[PDB]
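The block underneath contains the structure these notes are about, expressed in C-alpha cells.
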Amino acid sequence: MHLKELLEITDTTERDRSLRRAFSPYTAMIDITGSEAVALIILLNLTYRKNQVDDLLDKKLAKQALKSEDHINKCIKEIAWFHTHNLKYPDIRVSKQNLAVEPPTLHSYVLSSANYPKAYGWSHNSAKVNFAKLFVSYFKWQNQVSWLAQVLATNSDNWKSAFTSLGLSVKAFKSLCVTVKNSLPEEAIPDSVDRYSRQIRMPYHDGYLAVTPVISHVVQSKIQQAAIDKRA
Amino acid sequence: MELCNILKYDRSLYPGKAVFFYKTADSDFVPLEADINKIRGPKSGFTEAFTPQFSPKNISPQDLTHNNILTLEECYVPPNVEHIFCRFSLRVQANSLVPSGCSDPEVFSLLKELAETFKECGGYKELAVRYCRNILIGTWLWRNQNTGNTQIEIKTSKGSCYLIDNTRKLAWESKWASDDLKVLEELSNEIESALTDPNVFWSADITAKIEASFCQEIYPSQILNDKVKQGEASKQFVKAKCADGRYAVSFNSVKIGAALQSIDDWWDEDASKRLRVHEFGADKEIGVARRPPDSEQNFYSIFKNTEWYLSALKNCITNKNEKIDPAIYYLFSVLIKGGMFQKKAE
Amino acid sequence: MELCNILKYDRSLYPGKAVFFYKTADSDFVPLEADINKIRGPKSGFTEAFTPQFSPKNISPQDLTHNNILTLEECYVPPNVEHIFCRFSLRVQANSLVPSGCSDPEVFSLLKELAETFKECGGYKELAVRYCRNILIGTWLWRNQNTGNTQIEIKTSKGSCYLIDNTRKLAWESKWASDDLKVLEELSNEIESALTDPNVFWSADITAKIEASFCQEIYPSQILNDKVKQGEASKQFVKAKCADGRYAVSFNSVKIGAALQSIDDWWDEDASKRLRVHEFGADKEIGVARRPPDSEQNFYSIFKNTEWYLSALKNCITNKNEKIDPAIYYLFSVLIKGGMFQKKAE
DNA sequence: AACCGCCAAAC
DNA sequence: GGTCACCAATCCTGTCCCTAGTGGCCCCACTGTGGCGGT
C-alpha cells in the first residue's frame, strides 16, 4: 500500500522490480504521503535507462540528472505531449498531434472515460519515453490520486524539503515550479485531421458529422491492470 | 560478380511423397502401418560407466545390469505377404534458367546468359543422367535398397513405360546391360527436356516392388523429436493419412529429394563418394565439409567468379572435344537444388 | 585410440519377427492366438506378510488366505494339433568392416585396417560358427526350446536347404553327429561370406517344427508395461497382425537377436555360461557385470588399446597356428552387434 | 545538411 | 382387416502383487516491414 512497505526487501533486484512494477500504469497506485524524498529519488532515477541504473535508490546520479538543466528541460518539454486520448493507437503514423479534453457525458448503460477521474498518458517520440516517466507517473498523495506536475503546481511547500534534501537551490526550484505550472497540459485539440486518423459519417441534425474515434488512456490502463490480475 | 540483397532460385525437381503399401487379392492398395512396441534396452553408453577423464564412476554393482524402458514404433511386413511396394511421383520444371528474385539487373542478365550458354553445350544432359541413375539403382529406398530382389517401374506423362527387372545387378560405377543403358538413355532425354523447356509439362510415376522376406523390417522416414515425454514414443515414423482413416508409413519429400541429388563427386579428381548437393559439400559420415569456405570449391566462391566461367563455356562449343569444368557442373546442381544465395547491403 | 564425438556402427545381423502358427489339411498358415483369462493369485510374497526387519505385519488371520484377481493372456495349442511352427527370416550385411560414422580420420583408417587383418586371420569364421550354432540348437525358442522333438529347417538365398532332425540330440558343448557337423560347416561358410563381402546379398528362412503335447503352453515375447490399468491384462504378448484381422502370437526381433548373439564366454578362461554380447557383459540372472568398468575386459578399455591389438593380429599371417586373443573376438562381436560408441569432445 | 541514431519489455 | 398379452423378479462373500529401470551426440535460419529532432 505505502512506498517503503516494498522497500523492506533486502534484495535490491526484487525491490527495484516491485518499485518499477508499482509506478507503472498497469498496476495499483502506492501511497507516498509518508515518503516524499525517497519517492523523488526513484521517480527521477526512473528517467534513466534500465541498463544505465544498477539500483534506483542511488542518490548521486539522481542529483547528476537534477543538477543538469539539459535533463529536466527534456522532462518539461515532454509535459506538452500529455494526452487524455491516444491519437497514435494503433497507427503511429499520426504525426505530431495531442488530444487533451475533459471526460464526456456519463451514460448509465455504456462504459467510457466519464466513469473515472481525468488521468493522463504520454505519446510523442520513443527517444524521450524515459524522460516522461518523471512527470506522468501517477502516485497516491494524502488520500488523493496525483502526479508530480499537479502536486508541484499548487502544493509546493510540502515538496520544498523533499527537493532541497539533495541540495537543489530555492531560486532554481521556484523557477522550475512556475515553468512547470505554466507548462501544465492545456485543452489541446488538433487544428487539422491527420491523413492516418480514421473518420466515419454519423447522422447529425439534418445531415452527417465526421467522427474520429480515439481510445481513452484511463479505460485502457484499467483493462490492462484488470488483465494482469487475471480477472476475466 | 556481387551477391544481391535478394537472390532466390525455385527448385527444378519435385518428388511428391514415397508411401509403403502391399497388395492382396481383394485390394491393390493396403497401407503398411506402424505400431508402438515397448522393449527392454541395456545401459551400454560411455557416460553410464565412465567420467569425461576416462575414470570409472561410483555406481552400485547392479546398476549396469538395470535396463532402460524404450517406447519405439516398429514396421514389419505382415506374415505371408510376398511383395512390398514403395511409390512416389516426380515433377521436373525449368527453374534454373532464371532466378525467382534478383535485386541487381546486371546480376540477373548475367545468370540468364550463363544458363543459355550451359544449355547449348549440353550441360543439362550430364546432370539429367546422374538424377536418372539414382532413380534406376534405387538410392531413394535408403535402407530398404537391395534388401530383396527389387523391380522399379517408371510411367512418364509422355506415355513411356520403363522397367528395371533387378536393382541388385545395377550399381553407380558397374558395367550395365544393353537394355538397362537404353532405359537410362531415353529417360535422361525426357528429364533434360523438362529441365530446359518451360513450355514442356513433365511428370513420372515411380514404383519399386521388393521381394519381401518373412516379417521383414521396413525403414521409413523418422520425425525429428529433440524433446520426448515418457508416455509417447522416442522413435516415431513419418505417416501418409489415407482417405478412409489409416496411416501408411512414408518417406519425406526432402528425403527422396536428398537421394536423387546425391550426384556430387567433383569435389576431388579421384573422389569415390557421391555427396548430397550442398553449398559447402557437407559429409555427414566423416563429419567434414569437402568444399570448405577457405577453399575455392564452395558454391559462393564459384558463384562470384561466374564471369570467368561464362568465358570458358563460350570456347566449349567451338571445339566440343574438351569437357566442361566440373566447377560449372557443381554450380548448376545447386541452382537445380534451389535456395537463397543472398549477402546483404553493407 | 581416442574416442571421437561421432563413432557409429550398423548391426550386421537382421532377424525379423518370429511368428508361432500351425497347419491344417485346408490351410498352410493358421496363426496361434492368445486369449485373456482371469485366475486367482494367492498372497505368496515376502512383503504380503513381513516388515523389512523380518517381523510379522499386524493384519487379519484370514486375509493371507485371500486371492488377488490376475488378468493374464495365455497361448495354448488347440486340441489334437500335432505340430506347432515358429519361423523368422535372417538377413546378414557386412557393416563391421567400416564405421557408419567417424569424426576422426586416423580412427577410421585404424578400424578399417583392423577389420581387414582380422578377416585374413580367419576371425569372422569363428564368430560365424557361434551365431550358426545358436540357430541349429534352437536357443531362439527361449522357453519353448526342447519342450518336444524339434526339427529346424533352413533355406538360404544361395539355394541351399539344411535340416536338423532333432535339437534334443544337440547342445553347445556335446559331440555332434557327422551329418549335423556338415550342416554347421556349410551354413557357417555362407554367414562368414555375408559378414565380410559387401557385394553379396545373403538371406535365410529358418523354421522350427515342434512335436506339441496335448494343449501345451506357448511362451512368446511379453510387452514391457509398467502403466497397466485395473481392467487391462498385467501379462500381454507381442502379436504379428495377419492380412486378415487375426493376431499371431510372436517373438520380438531384438529377442531373436539376443539369442543368436549369446556367444560371449571369453570374460573368464574357464567360463561355462555364454552372455548376450554387452559392452560391460551384463548378467541379470546373477545381477553383476562380468566385464566391469574397473577391469580391462569391458569394450571401451579394449577399444582404447586397438593399436596394441592390431600389432598382435599382424603375427597371424606368417604363423597361423597361434589362436586369436579372446579380447579381439569379443571386440568384433560388439561391432557386429553395432552401437553408438562416442564420447563428448573433451 | 540529409542521413545515422535513440528508444521498450508484459505472462 | 389388422396387430405384435399382462402380473413381479436382477444375489450374498473375499481379494487385484512383489523386483528393477525409462540412454548418450548434435542442432533449432537467413529478408524486408520507424517517427522524430539535429548536427
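Throughout, a chain's letter reflects where its sequence line sits, starting with A, and its residues are numbered from 1. As a basis for the values below, the full set of heavy atoms in this structure was taken, side chains included, without hydrogen atoms, waters or symmetry mates.
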* Asked: What option among B:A49, B:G148, B:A171 has the most heavy-atom pairs under 4.5 Å with chain C?
  ->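 Of B:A49, B:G148, B:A171, B:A49 has the most heavy-atom pairs under 4.5 Å with chain C.
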At a 4.5 Å cut-off on heavy atoms, which part of [X] comes close to chain B: side chain, backbone, both, or neither?
X	result
C:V254	side chain
C:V334	neither
C:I286	neither

* Contact winner vs chain B - C:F341, C:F201, C:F280, C:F299, heavy-atom pairs under 4.5 Å ->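 Between C:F341, C:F201, C:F280, C:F299, the count favours C:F201.
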* To do: Under 4.5 Å, counting heavy-atom pairs only, tell me which of C:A289, C:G281, C:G287, C:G16 racks up the most with chain B.
  =>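 Result: the option with the highest number of such pairs is C:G287.
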* Contacting region of B:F50 [heavy-atom separation from chain C under 4.5 Å] ->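 The answer is the side chain of B:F50.
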Below 3.5 angstrom, are there any donor-acceptor pairs between chain B and chain C, and if so, which atoms and how far apart?
from   : atom 1 : to     : atom 2 : distance (Å)
B:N37  : ND2    : C:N252 : OD1    : 2.7
B:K38  : O      : C:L224 : N      : 3.2
B:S44  : O      : C:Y300 : OH     : 2.8
B:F46  : N      : C:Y300 : OH     : 3.4
B:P52  : O      : C:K343 : NZ     : 2.9
B:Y76  : OH     : C:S253 : OG     : 2.7
B:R143 : NH2    : C:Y14  : OH     : 2.9
B:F214 : O      : C:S89  : OG     : 2.7
B:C215 : O      : C:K17  : N      : 3.4
B:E217 : OE1    : C:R11  : NH2    : 2.9
B:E285 : O      : C:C102 : N      : 3.0

* Asked: Taking all non-hydrogen atoms of both residues, which atom of C:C242 and which atom of B:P79 are closest, and how far apart?
  ->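 Residues C:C242 and B:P79, closest heavy atoms: CA-CD, 4.2 Å.
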